[PDB]
Amino acid sequence: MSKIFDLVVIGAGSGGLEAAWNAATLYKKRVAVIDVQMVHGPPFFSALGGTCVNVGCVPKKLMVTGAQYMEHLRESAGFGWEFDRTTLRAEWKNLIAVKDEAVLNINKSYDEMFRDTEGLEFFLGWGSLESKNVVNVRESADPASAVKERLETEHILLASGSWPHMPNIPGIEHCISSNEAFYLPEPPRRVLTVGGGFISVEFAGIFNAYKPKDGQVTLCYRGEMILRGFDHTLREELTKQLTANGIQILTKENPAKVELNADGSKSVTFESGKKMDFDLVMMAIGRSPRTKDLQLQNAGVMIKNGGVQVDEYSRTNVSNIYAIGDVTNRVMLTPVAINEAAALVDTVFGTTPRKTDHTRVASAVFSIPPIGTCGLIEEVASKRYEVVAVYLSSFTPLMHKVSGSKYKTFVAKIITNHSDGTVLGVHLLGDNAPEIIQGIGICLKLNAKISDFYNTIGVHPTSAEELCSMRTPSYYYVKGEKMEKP
Amino acid sequence: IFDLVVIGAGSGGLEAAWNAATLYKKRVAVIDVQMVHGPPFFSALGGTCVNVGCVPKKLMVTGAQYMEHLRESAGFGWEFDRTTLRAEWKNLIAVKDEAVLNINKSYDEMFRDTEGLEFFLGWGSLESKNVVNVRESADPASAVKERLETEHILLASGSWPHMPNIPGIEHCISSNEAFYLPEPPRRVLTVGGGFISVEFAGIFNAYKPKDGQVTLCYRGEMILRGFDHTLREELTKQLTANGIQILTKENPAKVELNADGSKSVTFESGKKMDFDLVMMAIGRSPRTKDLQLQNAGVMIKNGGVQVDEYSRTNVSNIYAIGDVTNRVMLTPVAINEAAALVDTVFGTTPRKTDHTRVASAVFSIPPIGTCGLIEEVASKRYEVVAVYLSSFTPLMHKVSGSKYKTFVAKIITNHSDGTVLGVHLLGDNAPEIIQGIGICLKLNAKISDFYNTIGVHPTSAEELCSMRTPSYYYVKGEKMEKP
Ligand SMILES: Cc1cc2nc3c(=O)[nH]c(=O)nc-3n(C[C@H](O)[C@H](O)[C@H](O)COP(=O)(O)OP(=O)(O)OC[C@H]3O[C@@H](n4cnc5c(N)ncnc54)[C@H](O)[C@@H]3O)c2cc1C
Ligand SMILES: Cc1cc2nc3c(=O)[nH]c(=O)nc-3n(C[C@H](O)[C@H](O)[C@H](O)COP(=O)(O)OP(=O)(O)OC[C@H]3O[C@@H](n4cnc5c(N)ncnc54)[C@H](O)[C@@H]3O)c2cc1C
Ligand SMILES: N[C@@H](CCC(=O)N[C@@H](CS)C(=O)NCC(=O)NCCCCNCCCNC(=O)CNC(=O)[C@H](CS)NC(=O)CC[C@H](N)C(=O)O)C(=O)O
Ligand SMILES: N[C@@H](CCC(=O)N[C@@H](CS)C(=O)NCC(=O)NCCCCNCCCNC(=O)CNC(=O)[C@H](CS)NC(=O)CC[C@H](N)C(=O)O)C(=O)O
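The structure is reproduced here in structure tokens:
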């Protein structure tokens, strides 16, 4: 009918590409997708493929895999492997080179995708709303920039994702974000990662494996302990294991200002009065939805706390305008953005409405060692349930008894609704935790009870079999009070 | 005098003896031929898994896996003088002996500190349905060290390697000796397509000297019979790619020790090859003879003791669990049967072991994880079967250099209702991934339960949540595809 496109997707990331693909393919709709760059890298960092591909999950997993070899090389000795350890060295530029080729290939893959799909078209530029049914494509983020294209459409989808949050403190311009970290030419000998979240924790491990001769990695966090939002036992254990591998963790510390010393070094003064020197300061304190450049007021789309407000079906307060992924500020993860996009396309161009359950979402932290988690943490469950039970198990994995890494304790924790045995959450710390948690993610979707876990025969020998060996709770939570059996 | 007498202090035996004395306060006597691992009897207090099974082989597979990491590290910028690389078989053996020895001790410690639990060193045999004798040897004419009268007897003698009757079999070893070799063989021949043969081939392949070679031969057409055909084909390609030599439809006829101390092996086809070590891993059989079972009249069916779903034999007060029953020879299963037996005998609730949908792994390089039925079976028990396949080179293997390491995930379902009949995996961490899905099958999950779960990204396991369209089906045993 009138309006050239059926759907206009602003942002070619995880959710955008999924949305765009389904509508053109499954429903035969003419879709236009817009993004700022064709390939990864400065100046805009993300490009076709989104954050996960260009400056997220893909590159960090390869870099984390590389860091892990430091562990492998050191531990091989416990099993009789010999070599002249004095010739060992990590070549950072090689890592960056292979990472760049891996991402570039994905960028190309998405490009040919458009070239081979009828009804799917890509537009290079910055998209913004002129009105609720007209999207402009400009040369730059500036709203007074030249208009390259003007797309009339029947439906609009906002999938601009997020961007790192730089705190307004003196000297912030001497700091970088995770964005620049992917393109460093050399690894910093002295680096400070500001933040207690997963990005900060993951990069600290990367920097720890590739740091030069007299290097030191320092992580600092404002609060009491790292990984706020995760199970307290795992937060405590990971802190010990990271420290044991040479990472200095400064909690209860908060920068006041960053000064650039004449020798190119940065001096950081904390509110405590403590002053330290680093070669690189990286801010990984949070990510914010990118709503700014969209010009949402031209359509009257409502923004709640930072992100675009949407209902359960990803619909905004304005008809024919939807938003998915990180810009909605729900659960900032790739698999969730993809699930929302596919559900949204079904609700809009399909027969049956559909929505994404944002509960019992399994996720991981690729720290060294890594974390896997699904469900509620006891602190939250105990406030929602009158009777909660906590099953805990800590042991040294077989290989680490002889590998030398005595400190690598594997922690398994299952929390349940004691009134009926329903498993509310599973939290793991230890090697392969991210691979083990996927399968249990399905179990919670099936509303499994603790009895269901221990009535399954285990695979011997593996770390995973321990989840099927927890029959008795360690302590309980009765109306928020911690209690035990005498 | 004792409430229960357990013949065999292994995975199942110790499990029964423990909670019977604990949970039911019964006086238990446990018998075993050796207290520490190694020659002469190899197995000892703790059983096969602990002494010459799961525990020691797992440490050795971890050791062999480092050949992969050392090589693959180069792809991520790790460099070192690769010409100075050498593997030390004796350090590997030294550390595993330590680890095993500490576990043997841990069990001895257990008996002293547990009231009503007593260990008797030696060989146990039935004198009568209520009398058990502990002699100094497997030969029933040896000195009776102890005589015990009990109202309950539990048989858990386990299994033992099956050495074929061929000329020269005295120049061959079994998996038992493998754990104690002083130096790694230059040329080794592993006979058998089973898991023990495949796992050891990967261990020998990693610790082989300078100009070494590992050969695996199997009578059949393809290794790992009983496993999913795709995994069998794919694993073969990957073992071969790593330098392992696989000879299918070959079987040794005779083994002649020759001059220099090597062995000349002549296969049934006429092929003749020399090896420095020949390991026979063709089978495991229940140890029932030394029990003098006819002294009580307990039935034997096919090598193993005949028992019902509740592990009771034909004689009222005698039960049998574990490998000796020839059901499913795995440690977790034996442990489950033990606890269920103890309940059915000293408890209010009769309880039995579900031998179906048990997950298991093969610690080969790369490993295998599996749970449920294979399509060859499912299409015979079901009229409409759907097969979902996913093959892909993981992210890290694109960059590590090991581009041949293809990850395979296969899901088999009963297409009439979507119920998942089996999940088979090949690839790094397959053993860890399969455990969680093992629970899913006990909960009777359907394929929709898998693809409706949000994945963990990036991981190999999320691929199981992205399979939603069948590759092909099986209609009344016939393979069919949608047009
Ligand atoms: C360092 C890091 C590590 C991460 N690791 C993980 C992990 O391992 N697992 C996981 O699940 N998630 C991880 N994430 C998060 C994951 O990347 C995001 O949740 C996911 O990318 C969100 O998908 P999306 O569709 O919302 O947005 P995106 O993929 O971010 O796509 C948004 C797109 O919008 C484009 N754009 C922005 N504004 C405009 C405009 N006005 N006009 C045109 N184009 C525009 C951007 O260039 C970008 O390509 C990580 C994130 C970071 C940064
Ligand atoms: C090389 C190898 C690798 C394996 N790997 C795995 C694996 O990774 N995972 C897995 O689940 N399973 C594995 N298994 C199988 C597993 O070890 C057995 O299934 C398990 O040990 C069986 O427990 P059980 O109690 O039935 O026997 P056992 O552990 O075999 O205990 C039997 C005990 O009886 C004793 N004995 C025998 N006869 C007498 C007698 N008359 N008097 C006194 N003592 C006697 C023996 O000395 C032995 O200690 C492996 C086995 C082998 C050989
Ligand atoms: N929940 C996702 C899981 C896989 C995933 O994250 N896929 C991303 C790719 S990064 C994706 O497809 N996002 C949306 C999208 O692109 N939709 C359009 C449909 C076509 C899909 N892509 C076509 C182009 C082909 N290349 C890629 O998609 C490149 N992707 C990858 O390389 C991703 C990393 S983001 N692989 C995986 O995450 C696989 C896991 C890996 N094998 C491991 O072992 O770790 C899903 O269900 O698809
Ligand atoms: N989960 C499987 C069974 C796993 C298993 O084989 N467990 C063995 C432990 S060796 C066992 O307990 N067998 C029976 C038994 O021992 N019964 C007697 C009563 C309880 C006390 N037994 C333990 C004595 C102390 N020493 C050890 O337990 C030393 N064990 C280990 O080191 C074992 C290997 S057999 N680790 C595990 O079994 C756990 C896995 C390992 N941590 C990993 O990293 O993968 C199942 O039942 O489904």
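In the order they appear, the protein sequences are chains A and B. Numbering-wise (this note's numbering), the first sequence opens with residue 5 and increments by one. Numbering-wise (this note's numbering), the second sequence opens with residue 5 and increments by one. Beta carbons: idealized from backbone N, C-alpha and C, even for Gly.
{"Query": "Considering residue 37 of chain A, what are the terminal residues of the beta strand (DSSP E) in which it resides?", "Result": "35-39"}
{"Query": "Whose CA, out of A:481, A:365 and A:411, lies closest to the CA of residue 430 of chain A?", "Result": "A:365"}
{"Query": "Given that residue 462 of chain A touches chain B, what residues does it touch there, using C-beta distances under 7 angstroms?", "Result": "336 and 439"}
{"Query": "Say whether chain A places a C-beta atom closer than 8 angstroms to the C-beta of residue 368 of chain B.", "Result": "no"}
{"Query": "What in chain A is Cβ-close to residue 354 of chain B, meaning under 7 angstroms?", "Result": "Here the premise fails: no neighbours, minimum Cβ distance about 16 angstroms."}
{"Query": "With 16 as the cutoff for other CB atoms within 10 Å, does residue 371 of chain B come out buried or exposed?", "Result": "buried"}
{"Query": "If we call anything under 8 angstroms between Cβ atoms a contact, is residue 440 of chain A one with residue 439 of chain B?", "Result": "yes"}
{"Query": "I want to check one thing, is the minimum distance from the CB of residue 415 of chain A to the heavy atoms of ligand 5 below 7 angstroms?", "Result": "With respect to ligand 5, the structure offers nothing, as its ligand set consists of ligand 1, ligand 2, ligand 3 and ligand 4."}
{"Query": "Am I right that residue 201 of chain A and residue 111 of chain A are in contact with their C-beta atoms under 8 angstroms? What's the rounded C-beta distance?", "Result": "Contact doesn't hold; Cβ gap of about 27 angstroms is too wide."}
{"Query": "Does the separation of the CB atoms of residue 284 of chain B and residue 381 of chain B fall below 8 angstroms?", "Result": "no"}
{"Query": "Let me check understanding here. Comparing Cα to Cα, which of B:272, B:229 and B:341 lies closest to residue 200 of chain B?", "Result": "B:229"}
{"Query": "Who are the neighbours of residue 76 of chain A on chain B, taking C-beta pairs under 8 angstroms?", "Result": "70, 73, 74 and 77"}
{"Query": "Determine the direct distance from the alpha carbon of residue 32 of chain A to that of residue 355 of chain A, and round the result to whole angstroms.", "Result": "14 angstroms"}
{"Query": "Enumerate in chain order the residues of its own chain whose CB-to-CB distance from residue 411 of chain A is below 6 angstroms, with the five nearest sequence positions on each side excluded.", "Result": "245 and 248"}
{"Query": "Could you pull the start and end residues of the alpha helix (DSSP H) that residue 212 of chain A belongs to?", "Result": "202-214"}
{"Query": "So what does DSSP say about residue 287 of chain A, is it helix, strand or coil?", "Result": "strand"}
{"Query": "Are there any heavy atoms of ligand 4 lying less than 7 angstroms away from the beta-carbon of residue 114 of chain B, as far as the coordinates show?", "Result": "yes"}
{"Query": "Do the region 91-101 of chain B and the region 110-123 of chain B meet, that is, are 3 or more Cβ pairs less than 8 angstroms apart?", "Result": "no"}
{"Query": "So, at 6 angstroms on beta carbons, what are the nonlocal neighbours of residue 99 of chain A in its own chain, with the 5 sequence-adjacent residues on each side left out?", "Result": "70"}
{"Query": "Give me the Cβ distance between residue 121 of chain A and residue 11 of chain A, rounded to the nearest whole Å; I'm assuming they're in contact under 8 angstroms.", "Result": "Going by Cβ atoms, the distance from residue 121 of chain A to residue 11 of chain A rounds to 14 angstroms, so no, they are not a contact pair."}
{"Query": "Please report how far the alpha carbon of residue 429 of chain B lies from the alpha carbon of residue 373 of chain B, in whole angstroms.", "Result": "5 angstroms"}
{"Query": "Whole angstroms are fine: how far does the CA of residue 397 of chain B sit from the CA of residue 133 of chain A?", "Result": "41 angstroms"}
{"Query": "Check whether the region 128-142 of chain B touches the region 262-273 of chain B, counting contact only when three or more Cβ pairs, one atom from each stretch, lie closer than 8 angstroms.", "Result": "no"}
{"Query": "What's the gap between the Cα of residue 181 of chain B and the Cα of residue 84 of chain A?", "Result": "20 angstroms"}
{"Query": "Would you check if there are 3 or more beta carbon pairs closer than 8 angstroms linking the region 275-294 of chain A to the region 188-196 of chain A?", "Result": "yes"}
{"Query": "If I measure Cβ to Cβ from residue 174 of chain A and keep anything under 6 angstroms in the same chain, skipping five residues before and after, which residues do I get?", "Result": "261"}
{"Query": "Check distances from the C-beta atoms of the region 90-105 of chain B to those of chain A and list, in chain order, the residues that come in under 7 angstroms.", "Result": "90, 91, 92, 93, 95, 96, 99 and 103"}
{"Query": "What do you reckon, is the C-beta of residue 99 of chain B under 7 angstroms from a heavy atom of ligand 4?", "Result": "no"}
{"Query": "Are the Cβ atoms of residue 191 of chain A and residue 460 of chain B separated by less than 8 angstroms?", "Result": "no"}
{"Query": "Name the two residues that bound the continuous alpha helix (DSSP H) containing residue 55 of chain B.", "Result": "51-56"}
{"Query": "Curious, which full-length beta strand (DSSP E) runs of at least 3 residues does the region 288-373 of chain A contain?", "Result": "291-293, 325-327 and 367-369"}
{"Query": "Distance cutoff 8 angstroms, beta carbons only. Does residue 463 of chain B sit that close to anything in chain A?", "Result": "yes"}
{"Query": "Is the beta carbon of residue 222 of chain A sitting closer than 8 angstroms to the one on residue 415 of chain A?", "Result": "no"}
{"Query": "Going along chain A, which residues have a C-beta under 8 angstroms from residue 453 of chain B?", "Result": "446, 449 and 450"}
{"Query": "Pick from A:290, A:130 and A:359: whose alpha carbon is nearest that of residue 296 of chain A?", "Result": "A:130"}
{"Query": "Residues of chain B with CB under 8 angstroms from residue 88 of chain A, in chain order?", "Result": "84, 85 and 88"}
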